[PDB]
Amino acid sequence: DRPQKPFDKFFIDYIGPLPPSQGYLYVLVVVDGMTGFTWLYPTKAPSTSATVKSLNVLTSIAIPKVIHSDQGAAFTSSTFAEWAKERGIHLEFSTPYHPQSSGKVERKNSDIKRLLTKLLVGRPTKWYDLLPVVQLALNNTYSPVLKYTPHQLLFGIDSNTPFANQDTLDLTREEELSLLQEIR
Amino acid sequence: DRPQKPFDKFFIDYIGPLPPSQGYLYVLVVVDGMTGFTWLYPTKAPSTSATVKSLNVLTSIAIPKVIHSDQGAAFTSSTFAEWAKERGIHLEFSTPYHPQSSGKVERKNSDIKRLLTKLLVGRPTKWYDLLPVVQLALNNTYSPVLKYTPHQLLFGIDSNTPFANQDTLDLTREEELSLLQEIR
Amino acid sequence: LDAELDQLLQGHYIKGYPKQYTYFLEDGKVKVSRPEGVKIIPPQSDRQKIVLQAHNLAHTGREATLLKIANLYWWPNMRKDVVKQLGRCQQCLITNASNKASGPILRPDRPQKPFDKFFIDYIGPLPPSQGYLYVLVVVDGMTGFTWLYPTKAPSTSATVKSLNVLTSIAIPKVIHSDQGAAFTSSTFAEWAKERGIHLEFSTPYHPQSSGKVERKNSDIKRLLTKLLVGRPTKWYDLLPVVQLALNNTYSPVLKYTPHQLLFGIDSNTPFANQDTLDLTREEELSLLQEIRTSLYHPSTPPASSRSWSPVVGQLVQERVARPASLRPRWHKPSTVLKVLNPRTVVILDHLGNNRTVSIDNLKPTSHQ
Amino acid sequence: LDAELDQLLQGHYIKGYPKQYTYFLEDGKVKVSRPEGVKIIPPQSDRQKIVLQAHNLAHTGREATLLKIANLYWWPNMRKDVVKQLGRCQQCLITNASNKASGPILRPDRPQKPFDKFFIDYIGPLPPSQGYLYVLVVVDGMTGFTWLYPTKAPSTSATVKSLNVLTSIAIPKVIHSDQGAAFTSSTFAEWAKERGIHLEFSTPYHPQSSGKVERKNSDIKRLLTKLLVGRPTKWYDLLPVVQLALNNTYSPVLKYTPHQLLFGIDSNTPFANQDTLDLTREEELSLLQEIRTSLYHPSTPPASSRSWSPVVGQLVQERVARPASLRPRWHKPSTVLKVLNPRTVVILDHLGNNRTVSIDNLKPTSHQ
DNA sequence: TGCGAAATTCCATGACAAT
DNA sequence: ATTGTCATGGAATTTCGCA
DNA sequence: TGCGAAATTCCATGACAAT
DNA sequence: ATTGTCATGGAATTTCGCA
Ligand SMILES: [Mn+2]
Ligand SMILES: [Mn+2]
Ligand SMILES: [Mn+2]
Ligand SMILES: [Mn+2]
Ligand SMILES: [Mn+2]
Ligand SMILES: [Mn+2]
Ligand SMILES: [Zn+2]
Ligand SMILES: [Zn+2]
């Protein structure tokens with residue numbers, strides 16, 4: 001069998017609802033399977049049409065051979081199925097209640113939720129503006145397994161924003177207290 | 001002494017008043033002395049300023065060394081004298097009551113008045129429009145003395161409007177009758 | 001299609017398919033191992049659709065279309081099928097630029113005599129000066145001698161008023177102009193027919209053809225600009241001055257001024273030439289006729305490395321004159337009826353009107 | 001002046017006046033009989049006024065001024081006095097065209113890596129499509145890979161919104177742009193400083209400098225036009241399509257698409273190249289680094305027969321950017337402070353601000 | 001039948017434009 | 001159913017002045 | 001080690017423009 | 001404180017297929 005490649009497979013999922021930021025409530029998350037590169041798109045709903053709208057942006061840059069998701073309503077609709085067929089994209093579902101992907105992807109997805117949570121706290125409504133810097137962060141994060149960042153694997157160069165501080169990701173004493181406040 | 005040349009001397013004079021044609025009442029007449037070429041300009045008065053205005057047109061094409069006229073008020077004013085001085089044009093006057101010029105010029109001037117009279121009659125108010133064709137006529141009229149038309153002497157070529165019919169210039173029976181009517 | 005492909009699979013030679021290659025089968029598709037790698041050989045019946053899909057991605061030309069196709073397929077003489085498609089893509093044909101230059105310009109003979117041919121044109125709109133916005137420019141083709149008239153509009157009526165004053169001096173055989181409303185009006189046609197004046201028109205959107213007068217417009221604006229430096233642009237009163245100034249300026253290549261070419265002697269202006277003071281007028285006119293006939297005349301320049309010249313029956317395309325935003329710059333192909341000269345043609349525009357047209361506004365349709 | 005002329009009359013040799021001629025007196029004027037005829041020799045003290053009167057008739061250049069003068073006068077080395085005057089006529093210096101071409105263009109090195117340098121620019125206004133009038137075009141200098149954004153205005157705010165989305169992917173070292181309000185605003189400067197992005201600007205009125213993106217604008221409008229043939233110009237929905245289409249189009253000279261230069265492998269688009277299917281990603285990126293370094297690079301073309309290159313201290317003139325009707329096309333002379341490269345200079349504009357400026361917008365002042 | 005300098009000629013460059 | 005033109009100023013070439 | 005045809009490369013042409 | 005670019009399609013050149 002042939003070595004894994006970028007664009008071979010995109011893993012997608014929704015995160016949310018979140019506090020409203022500039023009208024938006026969810027994040028559609030796309031992770032390339034080979035590289036672990038992440039794209040994020042803010043949406044107002046986890047619907048087929050918000051999905052199509054966002055993916056239409058992404059697929060203007062690059063088209064996956066396969067999209068993998070859970071059996072979310074957005075992803076199993078016949079509209080979404082026709083959209084993918086039009087673009088030659090094969091759709092692929094984890095079985096219900098049994099989410100599955102890859103170690104790299106799972107961990108990547110873990111990092112994404114933690115990092116969001118970490119920056120949400122203190123300013124839970126300002127995340128829309130932070131979405132760009134979050135992606136740079138994720139994508140310029142060194143992988144223990146592969147010896148490269150997603151940026152390096154996707155483009156074959158070093159980046160102009162290395163993230164030299166592999167940071168906490170865990171909440172400080174202060175934030176735990178005030179994220180406990182928010183969740184009240 | 002050196003042979004006579006076009007632009008050596010312009011003979012000028014007013015004709016009129018005539019019946020009003022499109023607001024105009026006089027014709028300023030300029031005849032080049034060497035060639036007998038004629039230019040005609042309609043004016044509203046035989047004044048210095050109508051003269052300057054018309055000659056400013058002519059002297060945009062060609063400048064005489066000398067202008068010759070009678071002692072008409074238009075031509076003897078200090079304004080007219082300054083205009084000529086500005087342009088390096090020497091002014092020259094026939095003595096009062098003793099008009100003088102040249103045989104060619106006199107005859108040319110005779111033809112002009114006769115031809116006007118001839119075309120005035122019947123339509124005494126439409127002469128403004130006829131001024132162009134009158135000049136072509138005069139200027140493409142063969143000279144008995146010199147063996148050329150003014151056109152040929154001025155430009156050194158044949159013209160695209162030869163006036164092959166050296167016409168009457170004398171008034172027919174009908175016109176004498178109806179020019180006698182007009183002068184009543 | 002699949003017949004040809006069948007024969008090939010059992011090793012029997014087909015013309016176009018090089019024998020030395022191994023043409024096998026796999027996944028239901030005929031394939032071949034080529035130096036560049038393994039390519040699918042589609043049946044003849046699939047090829048035009050393939051070439052079309054590749055071309056249509058970005059409406060690409062020969063090589064850029066081929067490089068797409070060659071990623072998946074091989075077949076004999078692919079570019080021939082590619083070129084066949086480019087030659088039938090209407091959108092490419094009317095949208096692409098030409099890459100062939102026009103053939104070298106003609107240098108038409110200078111009119112033999114003053115008044116043989118006038119070139120006329122309007123300059124403007126200029127900044128308003130005493131109510132006037134435009135200048136009528138009349139240039140004598142033989143002499144370069146120029147007359148100037150201020151107008152309020154570039155209209156037939158203003159033109160007729162001015163030329164009635166000018167034609168008081170002489171009537172010209174021909175008046176050449178462009179296709180401005182003022183010169184193409186039936187009224188102006190009548191004015192000229194009434195006078196035995198033949199009207200000549202430039203091919204449309206090709207001011208090179210009115211080059212004599214366009215060029216004079218340049219000198220007119222240049223002197224006006226200079227005389228108006230650091231003053232307000234009150235140009236009406238300068239027209240007479242500029243007219244006289246230019247009519248009495250030497251062309252260095254000719255060694256004569258237009259005034260001299262018209263009259264054969266300077267009038268009373270500064271620095272008047274006096275070399276024929278001792279000649280009679282007749283001797284002067286004699287020397288003038290000689291000077292007129294021997295004026296320098298330029299020759300047609302060398303053709304550029306990659307020019308084209310029209311041939312009767314050729315498919316060519318006329319430039320759209322004022323194309324809207326995001327619209328094609330070229331009309332649909334049309335055919336050369338007649339080659340008037342190597343720079344001028346009559347085309348049947350597949351409506352079809354006959355149009356007389358400059359080759360500067362034509363491209364030869366690509367891919368035959 | 002009249003001293004020199006005195007000596008001459010009694011046959012005593014003066015340098016410059018050829019001995020073999022007969023220099024006499026008549027009408028109060030010193031004259032000489034020359035092959036061309038008899039000319040007046042004015043005293044030195046009259047000559048500059050003479051040259052000036054002749055030049056001023058029509059603000060003529062060297063020969064056309066000389067031919068006037070030579071009608072009446074002769075003196076030693078007339079053209080030297082003529083040229084001296086042309087070099088001091090302010091009106092001629094700022095109004096005349098140059099007849100020296102710019103030196104040959106530079107072909108700057110292609111950026112070493114994707115994201116080293118972006119070139120950005122606006123296209124529009126276009127026909128309104130869903131409220132949008134303009135397209136922000138961002139072109140990666142190394143790859144040619146291009147991003148497109150519809151906007152309602154070519155504003156700083158629209159630019160910042162779009163680049164915030166784009167820079168989600170990566171941050172570039174440099175962004176090169178022209179002097180449009182949207183890129184020169186302090187707000188945009190802040191946006192870039194906040195991100196470690198260095199802003200680079202084109203010399204003013206010289207889109208050749210933004211050539212990478214201008215050229216891409218052409219391909220963008222061309223494909224848009226084709227896709228909109230015989231439909232109404234509803235282009236908003238085609239932007240994503242055109243972006244993808246161009247990013248995956250081969251440049252024939254390179255044999256690569258901008259997508260390939262960016263990622264080293266085709267995504268799931270039609271006719272995807274499959275030649276590195278058996279390489280690992282690492283081997284693929286290795287081959288990509290090699291391909292990147294060996295791309296064709298054009299060389300500076302030959303200088304034209306009559307070009308000029310700037311020298312420090314030279315008097316040069318900057319083109320007026322948007323000259324009003326009947327106003328000069330050139331500014332007053334100014335001095336070359338520094339030669340940044342043979343096509344770019346800093347001039348002191350005799351106000352004097354320092355301006356960085358292309359030589360395409362300069363002429364060398366005539367007559368030294 | 002020759003030299004240095006002046007005069008003339010050559011000629012690339014650019015700007016006039018256009019239903 | 002017609003068609004490029006020509007001022008400009010450095011450079012290249014010719015002529016002039018002298019011997 | 002040479003020929004005819006196909007494939008590739010070369011490259012002039014033109015269009016993007018601009019406080 | 002900077003700098004032209006590159007798709008296009010005939011032509012010119014190289015390579016391919018065969019012997
Ligand atoms: Mn989910
Ligand atoms: Mn009188
Ligand atoms: Mn016009
Ligand atoms: Mn711009
Ligand atoms: Mn015009
Ligand atoms: Mn632009
Ligand atoms: Zn097409
Ligand atoms: Zn001047």
Side-chain angles (χ1 to χ4, degrees), chain C residues 18 20 60-64 77 79 83 86 96-101 105-108 121 178-181 184 200-219 221-222 249 251-253 298 304-306 321-322 338 340-341 343-344 346 356 358 366-367, chain D residues 18 20 60-64 77 79 83 86 96-101 105-108 121 178-181 184 200-219 221-222 249 251-253 298 304-306 321-322 338 340-341 343-344 346 356 358 366-367:
Chain C
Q20 59 169 69
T60 44
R62 186 228 304 147
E63 294 311 299
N77 299 320
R79 286 171 175 78
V83 168
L86 308 181
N96 291 346
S98 179
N99 58 12
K100 291 107 184 63
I105 56 175
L106 293 176
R107 304 315 303 274
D121 192 29
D178 61 26
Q179 306 207 8
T184 54
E200 199 179 70
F201 302 91
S202 279
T203 43
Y205 298 83
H206 191 254
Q208 296 93 318
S209 290
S210 270
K212 265 235 145 64
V213 61
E214 295 302 353
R215 181 59 170 80
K216 182 70 61 164
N217 293 349
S218 183
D219 292 331
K221 287 183 115 169
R222 187 161 60 101
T249 286
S251 161
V253 71
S304 72
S305 339
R306 297 191 186 168
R322 285 172 267 103
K338 191 180 173 47
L340 295 190
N341 66 38
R343 302 257 313 150
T344 324
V346 184
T356 307
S358 170
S366 284
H367 321 303
Chain D
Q20 59 169 69
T60 44
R62 186 228 304 147
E63 294 311 299
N77 299 320
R79 286 171 175 78
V83 168
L86 308 181
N96 291 346
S98 179
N99 58 12
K100 291 107 184 63
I105 56 175
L106 293 176
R107 304 315 303 274
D121 192 29
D178 61 26
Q179 306 207 8
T184 54
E200 199 179 70
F201 302 91
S202 279
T203 43
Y205 298 83
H206 191 254
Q208 296 93 318
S209 290
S210 270
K212 265 235 145 64
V213 61
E214 295 302 353
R215 181 59 170 80
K216 182 70 61 164
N217 293 349
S218 183
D219 292 331
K221 287 183 115 169
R222 187 161 60 101
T249 286
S251 161
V253 71
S304 72
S305 339
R306 297 191 186 168
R322 285 172 267 103
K338 191 180 173 47
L340 295 190
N341 66 38
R343 302 257 313 150
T344 324
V346 184
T356 307
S358 170
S366 284
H367 321 303

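Because only heavy atoms are used, hydrogens play no part in the values below, and waters and symmetry mates are left out as well, while side chains stay in. In what follows, chains are A, B, ... by sequence order, proteins preceding strands, each numbered from 1.
Side-chain proximity of C:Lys221 to F:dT5, H:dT5, E:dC16: nearest is E:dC16. The side chain of C:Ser218 sits closest to E:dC16 out of E:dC16, H:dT2, F:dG4. Counting only heavy atoms from C-beta on, C:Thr344 has its side chain closest to F:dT2 among E:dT19, H:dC18, F:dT2.
Regarding contacts with the backbone of F:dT2, every side-chain N or O of C:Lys338 stays at 4.0 angstrom or more from both OP1 and OP2. Checking the phosphate oxygens (OP1, OP2) of G:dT13, a side-chain nitrogen or oxygen of C:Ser304 falls inside 4.0 Å. Within the structure, every side-chain polar atom (N or O) of C:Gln208 is placed at least 4.0 Å from both OP1 and OP2 of F:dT3. Dashed line: the shortest gap from a side-chain N or O of D:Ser209 to OP1 or OP2 of H:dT3 is under 4.0 Å.
With a positive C1'-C2'-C3'-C4' torsion, the sugar ring of G:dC16 falls in the north range. Evaluation of the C1'-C2'-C3'-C4' torsion of G:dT13 gives a negative value and hence a south sugar.
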I'd like to compare against my own output: the B/S/- annotation of nucleotides 6-14 of chain F with a strict under-4.0 Å heavy-atom distance to protein. BBBBBB---

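C:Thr184 comes within 4.0 angstrom of nothing in the nucleic acid, heavy atoms only. At the heavy-atom level, C:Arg79 lies under 4.0 Å from base atoms of the strands shown. Using a 4.0 Å heavy-atom distance criterion, D:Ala181 is classed as making no nucleic acid contact. D:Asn341 comes within contact range of at least one nucleobase, with a heavy-atom separation under 4.0 Å. Residue D:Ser210 is out of contact with every strand shown, counting any heavy-atom pair closer than 4.0 Å. Using a 4.0 Å heavy-atom criterion, one finds that D:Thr356 contacts the bases of the nucleic acid, with or without backbone contacts as well.
Atom-to-atom, CZ of C:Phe201 to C1' of F:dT3 comes out at 16 Å; the value is rounded to the nearest Å. In this structure, D:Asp178 atom CG and H:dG4 atom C1' are separated by 14 Å, rounded to whole Å. The separation between D:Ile105 atom CD1 and G:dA12 atom P is 13 Å, rounded to whole Å. The interatomic distance linking C:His206 (NE2) with E:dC16 (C1') rounds to 13 Å, in whole Å. In this structure, the CG atom of C:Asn217 is 14 Å from the P atom of F:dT5, given to the nearest Å.
Residues meeting the side-chain hydrogen bond (donor to acceptor under 3.5 Å, both in side chains) test with C:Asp121, sequence neighbours left out: C:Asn217.
Residues C:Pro207 and C:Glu214 come closest through the heavy atom pair O-CG, 3.6 Å. Nearest approach of C:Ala101 to C:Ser304, heavy atoms of both residues: CB-OG, 3.5 Å. Among all heavy-atom pairs drawn from D:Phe201 and D:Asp178, the shortest one is CD2-O, 3.6 Å. Heavy atoms only, all atoms of each residue included: C:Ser202 and C:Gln179 are closest at O-NE2, 2.9 Å. Contact detail for D:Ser358 and D:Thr203: the closest heavy-atom pair is CB-OG1, 3.5 Å.
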Determine, stepwise, if the pair D:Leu86 / D:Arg62 fulfils side-chain contact (heavy atoms from CB on, under 4.5 Å). CA-CA 7 Å; D:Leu86 308 181; D:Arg62 186 228 304 147; 4.0 Å; yes

Run D:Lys216 and D:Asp219 through salt bridge (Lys or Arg N to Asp or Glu O under 4.0 Å) and show every step you take. CA-CA 5 Å; D:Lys216 182 70 61 164; D:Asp219 292 331; 5.0 Å; no

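Distance OG/C:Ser210 to CD/C:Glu200: 9.0 Å, rounded to 0.5 Å. One distance of note links CG of D:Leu106 with CG of D:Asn341; it measures 5.0 Å at 0.5 Å rounding.
Judged by closest nucleotide on DNA chain E, D:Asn77 is the one of D:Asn77 and D:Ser305 placed further toward the 5' end.
Inter-residue side-chain proximity for D:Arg343 and D:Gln208 is flagged as unmet; no heavy-atom pair is nearer than 4.5 Å.
Taking a pair as Watson-Crick or G-U wobble with both distances under 3.5 Å, DNA chain F forms stems of 3 or more consecutive pairs at E:1-16 with F:4-19.
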